[PDB]
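Report on the following structure.
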Amino acid sequence: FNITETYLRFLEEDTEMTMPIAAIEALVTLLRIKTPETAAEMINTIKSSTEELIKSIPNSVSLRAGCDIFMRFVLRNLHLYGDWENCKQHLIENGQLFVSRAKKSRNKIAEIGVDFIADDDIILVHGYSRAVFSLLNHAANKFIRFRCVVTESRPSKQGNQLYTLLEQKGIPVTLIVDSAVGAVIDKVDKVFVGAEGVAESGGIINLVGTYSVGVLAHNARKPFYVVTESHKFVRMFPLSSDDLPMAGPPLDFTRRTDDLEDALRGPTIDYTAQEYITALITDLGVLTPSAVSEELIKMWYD
Amino acid sequence: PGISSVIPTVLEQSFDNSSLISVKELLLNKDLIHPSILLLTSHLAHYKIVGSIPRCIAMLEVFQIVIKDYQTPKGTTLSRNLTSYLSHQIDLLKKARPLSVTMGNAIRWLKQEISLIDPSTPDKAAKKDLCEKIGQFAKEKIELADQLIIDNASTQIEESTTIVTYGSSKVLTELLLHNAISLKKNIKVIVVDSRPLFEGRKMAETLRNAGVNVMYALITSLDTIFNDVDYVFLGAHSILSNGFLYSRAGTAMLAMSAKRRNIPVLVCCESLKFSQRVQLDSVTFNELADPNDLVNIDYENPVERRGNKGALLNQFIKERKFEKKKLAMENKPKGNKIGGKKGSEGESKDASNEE
Amino acid sequence: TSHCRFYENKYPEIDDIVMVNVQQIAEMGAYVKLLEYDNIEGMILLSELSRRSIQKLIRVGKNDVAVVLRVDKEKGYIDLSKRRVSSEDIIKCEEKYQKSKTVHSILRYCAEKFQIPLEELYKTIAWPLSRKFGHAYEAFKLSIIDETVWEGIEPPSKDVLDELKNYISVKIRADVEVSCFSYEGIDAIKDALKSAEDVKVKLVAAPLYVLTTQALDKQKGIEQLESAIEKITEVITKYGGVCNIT
């Protein structure tokens, strides 16, 4: 039946339901065919499927997080010691239900956790997340004075795309190169960031350049913020400054070429330390300091 | 009754709160004490090998031995003077060398056990089950935990490593040994030594006994050793309710150095070492010893040279004091390897309420 | 070599009880080997394992009691549970495991001696012993007491059987300082010899008698030695002499 095929489903559309939610839905669909009553025939197979997915991954992180969350949920489910049928039914229900939940979570975020930008606070946004964009758009519906500063993102010209999405709402914007980012911290009030995943230590797994930005923020004492939908907690520990389980090469020194072929292999994923975060905006309450770790502990009971 | 007063050397002006004095050579004591405790105390007082991890285990073993040897009196019940005996033992231990957090925990556990079984059961049936239970506990919360930690470390280590290490922490020795033997990677071990206890030297010896490529350095020589070198590992004693690293001597400086030179530090700890006691400096409560440790002029421990110094009491206004336990900064260590695989040091008491 | 099922059927049923020896735990549950219904691994879940510290008790090697939930009698998928198991079943399953182990031990020496496959031996044994009698160990015991179970099917090997019998039939050192001052002594000694063996008796010196007591399971040797001592004491009291036991 395949999960990979399901994933390759949405591409040109999307821009609505969270990825980690689509994956979960796919998993649920995979499950509800081959009888979820037996645990021997099913859980192992699910694990195998997840492994296969991991193997097949081009450049994605949150899938693993989603799958482990799903597993945890499943584990939680069969603690009621009632009957196999009803529980199974409930589990089945909880896939589409989970998807439904995401929208509600988003709504909650966009109505409650938008109070940071109010008195014409100039925002420095980097790292594309849907939640942040929703917050921005929903903030323009309340007619509140605000201003936007865009740092140029270069994986495959995503910055341009970002600037194209802000033009639909009709809001003044300017482009800044991530080299002159050190020069401009004066008029810009606060730094906001969209993350790919949140680490076990507390730190942020992100894109082409974030650590430097964090450092700059620290230097300037202008606070650093991360806004994400609360399902990006992976069992991963970046122990050193330049280490992550990455699909791409971690700083590969290419041999002496002549025709200018091997050059664009720069770090497309960067990590920042736990101390840099001032506020983390999530749907499961306004929590930051060591909240992710606590959540993880609660999940693993260890 | 024991022994009181008479302390060698100057008392100094600063850092006066904890015991630093005492019996080194035994003279007149109570005629009821089991000698194994005394022997242990004698060992601990003049020990150069132990470091946080094995001490508690040793204590547990001693307790087990005592239990095995224990015989209930015909008149009084199993717990009547036993508590008094325990108290006396504790007092002796304190006199010799102050109690650790692990030791405190062990004591608490013992107390709990005592409360659990009320005086009604016969002798040979109760202690048979007690000793087994204690053994099981030991197997569970210590050795297995250590194994788990080791395995976690195994997956965490990448390819091509150059590591700087410190301490006589048994876990670290186990780790390094494991790396050397069963992993067969490109591991390089650099050792740092300290003046109060020759822990670094011991570590080096252990490495040699396995057959590892070893660089040997000190606290002073650090500016040239980096000039390729990445990982830094330390041995922790206990983590407090604040989250600060309450450990042995030369760690904090090393950590700071590591922080300065790009690459962060990783520290290992057990899931029982956590404390409810609140402190944020070394001044609060510190392991202070006699200035006899800082007498030998380099090279080796047993040399005895008549060089320049060899007086403390006769010297007018002279304070020769050294500290053993230190409080390292919170933000500097990033990695903590505990019972729950991986986590940050800012968690502090997440396992304390969990029990 | 350890393989093949202990009972008649390959796969278990519903409600029937089993024993698992856990190698590694904590991911989904434990996909570990069984020591009751074949050495092929079955799976327990982390849902019906906690009844009332959970990651410390089991871990590696320690015996854990299990009960079969769901069986897929087609390809090979076995579901197991720990929470459904009561305190009464604990000893029972352990006992069963022990029995299985004993059976395995019994069918290993044979394999070694005649240099023949173990599976074939198992096949030839487990039909009038595991189906009609009950368990195999008990059947063996019955045979040893009075031969009736082995007579059902013709044995291809007799030497192996003989060896097994011999095995069924640890040396502990015992020294008795015999220092008699009696009128008739030799006869008494002979009598003693005739009762103590029915084990290994060796003579080095005239007053010293060396004997090594055979033990079945280590602790059983204390009961026999004492009996022997008692017999010795009985021996010389009537005649008029003394025997000292260290």
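Chain identifiers are assigned as A, B, and so on, following the order in which chains appear in the structure tokens; residues are numbered from 1 within each chain, and ligands are numbered from 1 in order of appearance.
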Looking only at the backbone, which of the residues in range 34-164 of chain B does DSSP tag as alpha helix (DSSP H), as a ChimeraX atom specification?
-> /B:35-45,53-69,82-96,101-116,123-138,144-156
Give me, as a PDB file with N, CA, C and O atoms, in the first residue's frame, the residues of chain B touching chain C, with the criterion being at most 9 Å (counting only C-alpha atoms).
```pdb
ATOM      1  N   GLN B 136      19.950  -7.451  44.701  1.00  0.00           N
ATOM      2  CA  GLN B 136      19.108  -7.198  43.539  1.00  0.00           C
ATOM      3  C   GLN B 136      19.075  -5.710  43.210  1.00  0.00           C
ATOM      4  O   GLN B 136      19.232  -5.315  42.051  1.00  0.00           O
ATOM      5  N   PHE B 137      18.904  -4.906  44.258  1.00  0.00           N
ATOM      6  CA  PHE B 137      18.870  -3.450  44.157  1.00  0.00           C
ATOM      7  C   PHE B 137      20.172  -2.933  43.542  1.00  0.00           C
ATOM      8  O   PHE B 137      20.160  -2.100  42.621  1.00  0.00           O
ATOM      9  N   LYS B 139      22.303  -4.596  41.729  1.00  0.00           N
ATOM     10  CA  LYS B 139      22.353  -5.059  40.348  1.00  0.00           C
ATOM     11  C   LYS B 139      21.581  -4.100  39.439  1.00  0.00           C
ATOM     12  O   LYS B 139      22.065  -3.704  38.373  1.00  0.00           O
ATOM     13  N   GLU B 140      20.397  -3.718  39.911  1.00  0.00           N
ATOM     14  CA  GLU B 140      19.486  -2.821  39.193  1.00  0.00           C
ATOM     15  C   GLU B 140      19.954  -1.373  38.976  1.00  0.00           C
ATOM     16  O   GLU B 140      20.162  -0.947  37.827  1.00  0.00           O
ATOM     17  N   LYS B 141      20.111  -0.624  40.067  1.00  0.00           N
ATOM     18  CA  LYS B 141      20.336   0.826  39.996  1.00  0.00           C
ATOM     19  C   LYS B 141      21.783   1.258  39.720  1.00  0.00           C
ATOM     20  O   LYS B 141      22.023   2.423  39.381  1.00  0.00           O
ATOM     21  N   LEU B 144      23.787  -2.147  36.051  1.00  0.00           N
ATOM     22  CA  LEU B 144      22.955  -2.111  34.859  1.00  0.00           C
ATOM     23  C   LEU B 144      22.905  -0.705  34.277  1.00  0.00           C
ATOM     24  O   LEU B 144      23.040  -0.529  33.062  1.00  0.00           O
ATOM     25  N   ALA B 145      22.758   0.282  35.163  1.00  0.00           N
ATOM     26  CA  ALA B 145      22.731   1.689  34.769  1.00  0.00           C
ATOM     27  C   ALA B 145      24.030   2.074  34.062  1.00  0.00           C
ATOM     28  O   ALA B 145      24.014   2.719  33.010  1.00  0.00           O
ATOM     29  N   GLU B 355      11.886   9.634  41.812  1.00  0.00           N
ATOM     30  CA  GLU B 355      12.442   8.646  42.761  1.00  0.00           C
ATOM     31  C   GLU B 355      12.830   7.322  42.104  1.00  0.00           C
ATOM     32  O   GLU B 355      13.986   7.114  41.737  1.00  0.00           O
TER      33      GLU B 355
END
```
Counting only C-alpha atoms, which residues from chain B have an atom at most 12 Å from any atom of chain A, and could you show them as a PyMOL selection string?
-> chain B and resi 145+152-153+155-159+230-233+243+258-259+261-267+271+330-352+354-355
What is the distance, in Å and to one decimal place, between CA of residue 290 in chain B and CA of residue 21 in chain B?
->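 A separation of 6.6 Å between them.
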Compute the chain A side of the contact with chain C at 6 Å, counting only C-alpha atoms, and hand it back as a list in words.
->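 Selected residues: residues 40, 78 and 79 of chain A.
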With a distance cut-off of 10 Å and only C-alpha atoms, select the neighbouring residues of range 135-150 of chain C, excluding the residue or stretch itself and same-chain residues fewer than 4 positions from it, and output the selection as an mmCIF file with C-alpha atoms, in the first residue's frame.
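After the write, selection-v5.cif holds the following:
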```cif
data_model
loop_
_atom_site.group_PDB
_atom_site.id
_atom_site.type_symbol
_atom_site.label_atom_id
_atom_site.label_comp_id
_atom_site.auth_asym_id
_atom_site.auth_seq_id
_atom_site.Cartn_x
_atom_site.Cartn_y
_atom_site.Cartn_z
ATOM 1 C CA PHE C 6 9.612 -29.294 23.664
ATOM 2 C CA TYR C 7 5.965 -30.435 23.359
ATOM 3 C CA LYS C 96 8.169 -26.128 33.591
ATOM 4 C CA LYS C 99 11.845 -29.564 33.440
ATOM 5 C CA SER C 100 12.498 -28.514 29.845
ATOM 6 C CA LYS C 101 16.134 -27.777 30.683
ATOM 7 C CA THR C 102 16.501 -31.195 32.299
ATOM 8 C CA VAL C 103 14.987 -32.848 29.215
ATOM 9 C CA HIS C 104 17.440 -30.966 27.002
ATOM 10 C CA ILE C 106 19.128 -35.690 28.939
ATOM 11 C CA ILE C 125 11.754 -39.745 22.045
ATOM 12 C CA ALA C 126 8.838 -37.254 21.990
ATOM 13 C CA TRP C 127 5.901 -39.452 20.887
ATOM 14 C CA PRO C 128 5.100 -42.000 23.631
ATOM 15 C CA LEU C 129 6.688 -39.709 26.273
ATOM 16 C CA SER C 130 5.350 -36.196 25.522
ATOM 17 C CA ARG C 131 1.890 -37.140 24.160
ATOM 18 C CA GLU C 154 12.091 -50.004 19.311
ATOM 19 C CA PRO C 155 15.435 -48.283 20.123
ATOM 20 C CA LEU C 161 20.540 -45.769 26.582
ATOM 21 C CA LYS C 165 21.131 -44.979 32.705
ATOM 22 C CA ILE C 168 21.117 -41.209 36.043
ATOM 23 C CA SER C 169 22.654 -43.617 38.568
#
```
Could you give me, as a list in words, the residues within 9 Å of residue 285 in chain B, counting only C-alpha atoms and dropping anything in the same chain fewer than 4 positions from it?
-> residues 17, 18, 279, 281 and 325 of chain B
What does the file look like for those residues with N, CA and C atoms, as a PDB file, in the first residue's frame?
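Saved the output as selection_16.pdb:
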```
ATOM      1  N   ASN B  17      34.334  26.131  57.758  1.00  0.00           N
ATOM      2  CA  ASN B  17      32.961  25.667  58.006  1.00  0.00           C
ATOM      3  C   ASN B  17      32.837  24.147  58.158  1.00  0.00           C
ATOM      4  N   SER B  18      33.605  23.409  57.356  1.00  0.00           N
ATOM      5  CA  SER B  18      33.596  21.943  57.362  1.00  0.00           C
ATOM      6  C   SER B  18      34.819  21.360  58.077  1.00  0.00           C
ATOM      7  N   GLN B 279      22.978  24.515  47.057  1.00  0.00           N
ATOM      8  CA  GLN B 279      24.217  25.302  47.163  1.00  0.00           C
ATOM      9  C   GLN B 279      24.725  25.735  45.783  1.00  0.00           C
ATOM     10  N   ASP B 281      28.028  27.518  45.540  1.00  0.00           N
ATOM     11  CA  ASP B 281      29.462  27.797  45.687  1.00  0.00           C
ATOM     12  C   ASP B 281      30.188  26.710  46.487  1.00  0.00           C
ATOM     13  N   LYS B 325      36.689  19.202  46.559  1.00  0.00           N
ATOM     14  CA  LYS B 325      35.410  19.268  45.843  1.00  0.00           C
ATOM     15  C   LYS B 325      35.062  20.683  45.386  1.00  0.00           C
TER      16      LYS B 325
END
```
What is the CA of residue 124 in chain A to CA of residue 107 in chain A distance in Å?
->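 It comes out at 22.9 Å.
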Quick one: pull the distance between CA of residue 31 in chain A and CA of residue 9 in chain A, Å, one decimal.
-> 18.2 Å
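For range 122-264 of chain A, a DSSP pass over the backbone yields strand (DSSP E or B) at residues 122, 123, 124, 125, 126, 147, 148, 149, 150, 151, 173, 174, 175, 176, 190, 191, 192, 193, 197, 198, 204, 205, 224, 225, 226, 227 and 233 of chain A.
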Contact residues around range 50-63 of chain B with only C-alpha atoms at 6 Å, ignoring same-chain residues under 2 positions, as an MDAnalysis selection string = chainID B and resid 65:66 103 168:169 237
Would you kindly return, as JSON, numbers by chain, each protein, DNA or RNA residue with an atom no farther than 9 Å from any atom of range 311-318 of chain B, considering only C-alpha atoms and excluding same-chain residues fewer than 4 positions away?
-> {"B": [8, 9, 10, 12, 291]}
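Between residue 266 in chain A and the candidates A:292, A:97, A:234, A:207, the tightest atom-to-atom separation, counting only C-alpha atoms, involves A:207.
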Using only C-alpha atoms, which residues sit within 12 Å of residue 29 in chain A once same-chain residues fewer than 4 positions away are excluded, as a ChimeraX atom specification?
-> /A:1-3,6,22-25,33-36,46,91-96
Could those selected residues go to a file with N, CA and C atoms, as a PDB file, in the first residue's frame?
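Listing of result_13.pdb after writing:
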```
ATOM      1  N   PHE A   1       0.837  -1.237   0.000  1.00  0.00           N
ATOM      2  CA  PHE A   1       0.000   0.000   0.000  1.00  0.00           C
ATOM      3  C   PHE A   1       0.858   1.268   0.000  1.00  0.00           C
ATOM      4  N   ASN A   2       1.991   1.202   0.707  1.00  0.00           N
ATOM      5  CA  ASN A   2       3.045   2.239   0.750  1.00  0.00           C
ATOM      6  C   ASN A   2       2.710   3.573   1.428  1.00  0.00           C
ATOM      7  N   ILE A   3       3.659   4.029   2.246  1.00  0.00           N
ATOM      8  CA  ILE A   3       3.642   5.338   2.888  1.00  0.00           C
ATOM      9  C   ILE A   3       4.361   6.357   1.996  1.00  0.00           C
ATOM     10  N   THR A   6       2.121   7.774  -0.625  1.00  0.00           N
ATOM     11  CA  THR A   6       1.202   8.707   0.023  1.00  0.00           C
ATOM     12  C   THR A   6       1.880  10.067   0.228  1.00  0.00           C
ATOM     13  N   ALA A  22       0.460  14.626   8.045  1.00  0.00           N
ATOM     14  CA  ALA A  22       0.220  13.840   6.836  1.00  0.00           C
ATOM     15  C   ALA A  22       0.853  12.457   6.951  1.00  0.00           C
ATOM     16  N   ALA A  23       2.091  12.441   7.436  1.00  0.00           N
ATOM     17  CA  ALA A  23       2.842  11.212   7.647  1.00  0.00           C
ATOM     18  C   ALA A  23       2.099  10.287   8.613  1.00  0.00           C
ATOM     19  N   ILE A  24       1.616  10.883   9.701  1.00  0.00           N
ATOM     20  CA  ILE A  24       0.861  10.174  10.731  1.00  0.00           C
ATOM     21  C   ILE A  24      -0.390   9.529  10.115  1.00  0.00           C
ATOM     22  N   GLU A  25      -1.087  10.320   9.300  1.00  0.00           N
ATOM     23  CA  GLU A  25      -2.296   9.883   8.611  1.00  0.00           C
ATOM     24  C   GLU A  25      -1.992   8.672   7.722  1.00  0.00           C
ATOM     25  N   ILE A  33      -5.527  -1.810   7.661  1.00  0.00           N
ATOM     26  CA  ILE A  33      -5.820  -2.812   6.624  1.00  0.00           C
ATOM     27  C   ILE A  33      -5.523  -4.236   7.122  1.00  0.00           C
ATOM     28  N   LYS A  34      -4.329  -4.433   7.687  1.00  0.00           N
ATOM     29  CA  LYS A  34      -3.822  -5.769   8.037  1.00  0.00           C
ATOM     30  C   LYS A  34      -4.096  -6.200   9.492  1.00  0.00           C
ATOM     31  N   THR A  35      -5.271  -5.818  10.003  1.00  0.00           N
ATOM     32  CA  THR A  35      -5.767  -6.128  11.370  1.00  0.00           C
ATOM     33  C   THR A  35      -4.842  -5.682  12.526  1.00  0.00           C
ATOM     34  N   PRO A  36      -5.188  -4.558  13.197  1.00  0.00           N
ATOM     35  CA  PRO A  36      -4.405  -4.047  14.332  1.00  0.00           C
ATOM     36  C   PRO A  36      -4.659  -4.746  15.682  1.00  0.00           C
ATOM     37  N   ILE A  46       5.261  -2.245  11.236  1.00  0.00           N
ATOM     38  CA  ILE A  46       5.240  -0.782  11.289  1.00  0.00           C
ATOM     39  C   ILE A  46       6.671  -0.244  11.434  1.00  0.00           C
ATOM     40  N   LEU A  91      -8.119   3.769  18.180  1.00  0.00           N
ATOM     41  CA  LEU A  91      -6.824   4.013  17.549  1.00  0.00           C
ATOM     42  C   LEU A  91      -7.015   4.441  16.097  1.00  0.00           C
ATOM     43  N   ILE A  92      -7.881   3.696  15.408  1.00  0.00           N
ATOM     44  CA  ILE A  92      -8.205   3.944  14.003  1.00  0.00           C
ATOM     45  C   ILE A  92      -8.774   5.359  13.839  1.00  0.00           C
ATOM     46  N   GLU A  93      -9.689   5.705  14.742  1.00  0.00           N
ATOM     47  CA  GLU A  93     -10.342   7.007  14.751  1.00  0.00           C
ATOM     48  C   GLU A  93      -9.305   8.122  14.915  1.00  0.00           C
ATOM     49  N   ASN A  94      -8.378   7.894  15.842  1.00  0.00           N
ATOM     50  CA  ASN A  94      -7.317   8.841  16.190  1.00  0.00           C
ATOM     51  C   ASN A  94      -6.280   9.263  15.130  1.00  0.00           C
ATOM     52  N   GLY A  95      -6.521   8.940  13.859  1.00  0.00           N
ATOM     53  CA  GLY A  95      -5.596   9.329  12.781  1.00  0.00           C
ATOM     54  C   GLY A  95      -6.045  10.587  12.065  1.00  0.00           C
ATOM     55  N   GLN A  96      -7.266  10.508  11.545  1.00  0.00           N
ATOM     56  CA  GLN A  96      -7.984  11.653  11.019  1.00  0.00           C
ATOM     57  C   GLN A  96      -8.228  12.682  12.120  1.00  0.00           C
TER      58      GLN A  96
END
```
In terms of the shortest atom-to-atom distance over only C-alpha atoms, which of C:73, C:52, C:3, C:238 is closest to residue 107 in chain C?
->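 Smallest distance to residue 107 in chain C is found for C:3.
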Would you mind telling me which residue in A:252, A:189, A:41, A:16 lies nearest to residue 106 in chain A when using only C-alpha atoms?
->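 That would be A:16, the residue with the smallest distance to residue 106 in chain A.
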